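Below is the file protein_23.cif, which contains mmCIF, N, CA and C atoms.
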data_run
#
loop_
_atom_site.group_PDB
_atom_site.id
_atom_site.type_symbol
_atom_site.label_atom_id
_atom_site.label_comp_id
_atom_site.auth_asym_id
_atom_site.auth_seq_id
_atom_site.Cartn_x
_atom_site.Cartn_y
_atom_site.Cartn_z
ATOM 1 N N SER A 78 91.255 100.296 95.754
ATOM 2 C CA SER A 78 92.173 101.250 95.068
ATOM 3 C C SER A 78 93.587 101.129 95.647
ATOM 4 N N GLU A 79 94.301 100.092 95.283
ATOM 5 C CA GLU A 79 95.689 99.913 95.807
ATOM 6 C C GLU A 79 96.633 100.924 95.152
ATOM 7 N N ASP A 80 97.900 100.861 95.475
ATOM 8 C CA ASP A 80 98.884 101.808 94.864
ATOM 9 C C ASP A 80 100.165 101.041 94.531
ATOM 10 N N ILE A 81 101.299 101.701 94.509
ATOM 11 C CA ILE A 81 102.567 100.975 94.202
ATOM 12 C C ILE A 81 103.621 101.240 95.283
ATOM 13 N N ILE A 82 103.238 101.205 96.539
ATOM 14 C CA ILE A 82 104.241 101.447 97.627
ATOM 15 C C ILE A 82 104.745 100.111 98.153
ATOM 16 N N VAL A 83 106.031 99.968 98.295
ATOM 17 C CA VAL A 83 106.585 98.685 98.803
ATOM 18 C C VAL A 83 107.378 98.914 100.091
ATOM 19 N N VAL A 84 107.717 97.854 100.773
ATOM 20 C CA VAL A 84 108.505 97.986 102.030
ATOM 21 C C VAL A 84 109.766 97.124 101.922
ATOM 22 N N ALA A 85 110.899 97.657 102.282
ATOM 23 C CA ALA A 85 112.144 96.852 102.207
ATOM 24 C C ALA A 85 112.202 95.922 103.409
ATOM 25 N N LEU A 86 112.265 94.633 103.162
ATOM 26 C CA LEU A 86 112.310 93.643 104.281
ATOM 27 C C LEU A 86 113.751 93.268 104.628
ATOM 28 N N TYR A 87 114.722 93.877 103.988
ATOM 29 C CA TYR A 87 116.152 93.562 104.296
ATOM 30 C C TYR A 87 117.004 94.786 103.962
ATOM 31 N N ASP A 88 118.119 94.942 104.622
ATOM 32 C CA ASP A 88 118.990 96.128 104.353
ATOM 33 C C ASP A 88 119.641 96.010 102.967
ATOM 34 N N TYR A 89 119.778 97.109 102.262
ATOM 35 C CA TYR A 89 120.412 97.067 100.900
ATOM 36 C C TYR A 89 121.085 98.407 100.590
ATOM 37 N N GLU A 90 122.312 98.374 100.128
ATOM 38 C CA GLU A 90 123.033 99.646 99.810
ATOM 39 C C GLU A 90 123.040 99.912 98.299
ATOM 40 N N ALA A 91 122.879 101.155 97.913
ATOM 41 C CA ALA A 91 122.866 101.514 96.455
ATOM 42 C C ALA A 91 124.130 101.011 95.746
ATOM 43 N N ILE A 92 124.210 101.211 94.447
ATOM 44 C CA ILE A 92 125.409 100.757 93.670
ATOM 45 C C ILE A 92 125.315 101.238 92.208
ATOM 46 N N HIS A 93 124.774 102.413 91.984
ATOM 47 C CA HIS A 93 124.661 102.940 90.582
ATOM 48 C C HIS A 93 124.292 104.433 90.604
ATOM 49 N N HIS A 94 123.857 104.974 89.490
ATOM 50 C CA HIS A 94 123.492 106.430 89.451
ATOM 51 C C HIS A 94 122.172 106.658 90.189
ATOM 52 N N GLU A 95 121.068 106.276 89.592
ATOM 53 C CA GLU A 95 119.748 106.449 90.275
ATOM 54 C C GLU A 95 119.494 105.235 91.169
ATOM 55 N N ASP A 96 120.419 104.941 92.047
ATOM 56 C CA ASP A 96 120.256 103.774 92.960
ATOM 57 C C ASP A 96 119.629 104.245 94.274
ATOM 58 N N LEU A 97 119.329 103.343 95.175
ATOM 59 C CA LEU A 97 118.698 103.762 96.466
ATOM 60 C C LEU A 97 118.986 102.746 97.577
ATOM 61 N N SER A 98 119.546 103.200 98.669
ATOM 62 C CA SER A 98 119.848 102.281 99.807
ATOM 63 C C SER A 98 118.715 102.317 100.826
ATOM 64 N N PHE A 99 118.012 101.232 100.973
ATOM 65 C CA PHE A 99 116.900 101.192 101.975
ATOM 66 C C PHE A 99 117.284 100.282 103.143
ATOM 67 N N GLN A 100 116.366 100.032 104.041
ATOM 68 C CA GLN A 100 116.693 99.185 105.223
ATOM 69 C C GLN A 100 115.751 97.984 105.347
ATOM 70 N N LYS A 101 115.983 97.192 106.353
ATOM 71 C CA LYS A 101 115.186 95.945 106.580
ATOM 72 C C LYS A 101 113.693 96.172 106.804
ATOM 73 N N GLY A 102 113.321 97.340 107.187
ATOM 74 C CA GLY A 102 111.877 97.630 107.447
ATOM 75 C C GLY A 102 111.549 99.019 106.929
ATOM 76 N N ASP A 103 112.068 99.357 105.782
ATOM 77 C CA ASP A 103 111.796 100.724 105.216
ATOM 78 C C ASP A 103 110.564 100.739 104.314
ATOM 79 N N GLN A 104 110.060 101.909 104.031
ATOM 80 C CA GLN A 104 108.889 102.039 103.133
ATOM 81 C C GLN A 104 109.270 102.917 101.948
ATOM 82 N N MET A 105 108.903 102.510 100.769
ATOM 83 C CA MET A 105 109.243 103.305 99.560
ATOM 84 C C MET A 105 108.068 103.298 98.596
ATOM 85 N N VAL A 106 107.946 104.324 97.811
ATOM 86 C CA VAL A 106 106.840 104.384 96.822
ATOM 87 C C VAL A 106 107.436 104.019 95.473
ATOM 88 N N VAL A 107 106.690 103.401 94.616
ATOM 89 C CA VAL A 107 107.261 103.027 93.283
ATOM 90 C C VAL A 107 106.922 104.099 92.247
ATOM 91 N N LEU A 108 107.864 104.396 91.408
ATOM 92 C CA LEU A 108 107.655 105.405 90.339
ATOM 93 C C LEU A 108 107.288 104.677 89.039
ATOM 94 N N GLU A 109 107.739 103.454 88.897
ATOM 95 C CA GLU A 109 107.435 102.662 87.669
ATOM 96 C C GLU A 109 107.534 101.165 87.977
ATOM 97 N N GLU A 110 106.950 100.335 87.150
ATOM 98 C CA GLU A 110 107.028 98.856 87.377
ATOM 99 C C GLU A 110 107.964 98.219 86.343
ATOM 100 N N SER A 111 108.719 97.221 86.732
ATOM 101 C CA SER A 111 109.650 96.560 85.765
ATOM 102 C C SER A 111 109.903 95.103 86.177
ATOM 103 N N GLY A 112 111.004 94.538 85.750
ATOM 104 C CA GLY A 112 111.316 93.120 86.105
ATOM 105 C C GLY A 112 111.533 92.999 87.615
ATOM 106 N N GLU A 113 112.734 92.684 88.024
ATOM 107 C CA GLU A 113 113.028 92.547 89.482
ATOM 108 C C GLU A 113 113.597 93.858 90.043
ATOM 109 N N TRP A 114 114.053 94.740 89.186
ATOM 110 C CA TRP A 114 114.614 96.036 89.663
ATOM 111 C C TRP A 114 113.569 97.140 89.496
ATOM 112 N N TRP A 115 112.903 97.513 90.561
ATOM 113 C CA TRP A 115 111.866 98.583 90.456
ATOM 114 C C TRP A 115 112.454 99.932 90.877
ATOM 115 N N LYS A 116 111.967 100.999 90.295
ATOM 116 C CA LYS A 116 112.471 102.361 90.651
ATOM 117 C C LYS A 116 111.513 103.007 91.659
ATOM 118 N N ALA A 117 111.931 103.194 92.890
ATOM 119 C CA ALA A 117 111.007 103.797 93.901
ATOM 120 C C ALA A 117 111.628 105.009 94.608
ATOM 121 N N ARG A 118 110.821 105.731 95.347
ATOM 122 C CA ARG A 118 111.312 106.917 96.082
ATOM 123 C C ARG A 118 111.242 106.658 97.590
ATOM 124 N N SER A 119 112.369 106.686 98.248
ATOM 125 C CA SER A 119 112.389 106.464 99.720
ATOM 126 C C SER A 119 111.810 107.691 100.422
ATOM 127 N N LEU A 120 110.696 107.520 101.087
ATOM 128 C CA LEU A 120 110.052 108.666 101.796
ATOM 129 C C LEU A 120 110.920 109.110 102.974
ATOM 130 N N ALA A 121 111.688 108.206 103.530
ATOM 131 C CA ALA A 121 112.563 108.569 104.688
ATOM 132 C C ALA A 121 113.531 109.692 104.296
ATOM 133 N N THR A 122 113.823 109.823 103.024
ATOM 134 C CA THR A 122 114.752 110.902 102.571
ATOM 135 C C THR A 122 114.228 111.571 101.289
ATOM 136 N N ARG A 123 112.999 111.292 100.897
ATOM 137 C CA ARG A 123 112.428 111.906 99.649
ATOM 138 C C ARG A 123 113.360 111.666 98.457
ATOM 139 N N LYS A 124 114.132 110.611 98.499
ATOM 140 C CA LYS A 124 115.052 110.308 97.361
ATOM 141 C C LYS A 124 114.441 109.200 96.522
ATOM 142 N N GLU A 125 115.061 108.829 95.434
ATOM 143 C CA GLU A 125 114.490 107.727 94.606
ATOM 144 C C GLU A 125 115.568 107.043 93.777
ATOM 145 N N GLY A 126 115.452 105.751 93.628
ATOM 146 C CA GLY A 126 116.455 104.995 92.835
ATOM 147 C C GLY A 126 115.945 103.577 92.573
ATOM 148 N N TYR A 127 116.845 102.642 92.408
ATOM 149 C CA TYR A 127 116.443 101.226 92.136
ATOM 150 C C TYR A 127 116.373 100.432 93.441
ATOM 151 N N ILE A 128 115.642 99.348 93.435
ATOM 152 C CA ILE A 128 115.518 98.502 94.663
ATOM 153 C C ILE A 128 115.159 97.058 94.268
ATOM 154 N N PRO A 129 116.049 96.121 94.538
ATOM 155 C CA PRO A 129 115.778 94.700 94.177
ATOM 156 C C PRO A 129 114.449 94.226 94.776
ATOM 157 N N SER A 130 113.432 94.122 93.958
ATOM 158 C CA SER A 130 112.095 93.669 94.460
ATOM 159 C C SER A 130 112.154 92.229 94.994
ATOM 160 N N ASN A 131 113.221 91.507 94.734
ATOM 161 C CA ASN A 131 113.313 90.102 95.243
ATOM 162 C C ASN A 131 113.435 90.075 96.778
ATOM 163 N N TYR A 132 113.622 91.215 97.404
ATOM 164 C CA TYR A 132 113.727 91.264 98.897
ATOM 165 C C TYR A 132 112.825 92.393 99.410
ATOM 166 N N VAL A 133 111.700 92.585 98.769
ATOM 167 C CA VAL A 133 110.768 93.678 99.168
ATOM 168 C C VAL A 133 109.315 93.184 99.087
ATOM 169 N N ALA A 134 108.374 93.978 99.537
ATOM 170 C CA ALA A 134 106.938 93.555 99.483
ATOM 171 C C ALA A 134 106.066 94.694 98.944
ATOM 172 N N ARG A 135 105.247 94.415 97.961
ATOM 173 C CA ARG A 135 104.380 95.476 97.378
ATOM 174 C C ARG A 135 103.079 95.650 98.166
ATOM 175 N N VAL A 136 102.697 96.876 98.387
ATOM 176 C CA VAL A 136 101.440 97.182 99.117
ATOM 177 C C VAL A 136 100.887 98.533 98.637
ATOM 178 N N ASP A 137 99.691 98.880 99.039
ATOM 179 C CA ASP A 137 99.094 100.181 98.609
ATOM 180 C C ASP A 137 99.360 101.271 99.659
ATOM 181 N N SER A 138 100.389 101.113 100.454
ATOM 182 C CA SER A 138 100.701 102.135 101.498
ATOM 183 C C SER A 138 102.195 102.109 101.830
#

Please go through the file and, once you have read it, give me the structure as structure tokens.
Amino acid sequence: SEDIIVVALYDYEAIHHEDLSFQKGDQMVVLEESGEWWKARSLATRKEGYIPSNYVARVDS
């Protein structure tokens, strides 16, 4: 029973309305699945926005 939580493997700063700045070793949950831009919620701040999946890793935690 996996889930849609990913981890940011590199630092990234937001740049839009529902954007999200994560870090090189951050953890975020995904709210929906899409192309390379996934919408997730950063648990470190309970916020949520976009995150380039090309520099992230999907996991069930």

Taking the file above as input, evaluate the PyMOL selection byres (((chain A and resi 84 and name CA) around 7) and name CA) and report the hits as a PyMOL selection string. chain A and resi 83+85-86+102-105+133-135

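Nearest residue to residue 114 (chain A), choosing from A:79, A:99, A:89, A:130 and counting all atoms listed in the file: A:130.
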
I need the residue set behind the PyMOL selection byres (((chain A and resi 137 and name CA) around 7) and name CA) for this file; please write it as a list in words.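 Selected by the PyMOL selection byres (((chain A and resi 137 and name CA) around 7) and name CA) in this file: residues 79, 80, 81, 82, 136 and 138 of chain A.
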
When DSSP works through the backbone of this structure, what residues of chain A end up as strand (DSSP E), shown as a count of residues only? 27

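Using only C-alpha atoms, the nearest neighbour of residue 117 (chain A) within the list A:98, A:78, A:132, A:93 is A:98.
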
What is the CA of residue 87 (chain A) to CA of residue 127 (chain A) distance in Å?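 One can read the CA of residue 87 (chain A) to CA of residue 127 (chain A) distance as 14.4 Å.
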
May I have the centre and edge lengths, in Å to one decimal, of an axis-aligned box around the listed atoms of region 102-118 of chain A with 8 Å added to every side, as lines of an AutoDock Vina configuration file?
center_x = 110.7
center_y = 99.7
center_z = 96.6
size_x = 23.9
size_y = 30.4
size_z = 37.7

Every residue with an atom at most 6 Å from (109.3, 108.3, 101.3) (file coordinates; only N, CA and C atoms) is what I'm after, so could you write them as a ChimeraX atom specification? /A:104-106,118-123

Kindly give the distance, in Å, that separates atom N of residue 125 (chain A) and CA of residue 100 (chain A), rounded to a single decimal.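 That distance, rounded to one decimal, is 13.8 Å.
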
Mind pulling up the distance from CA of residue 107 (chain A) to CA of residue 92 (chain A)? 18.3 Å
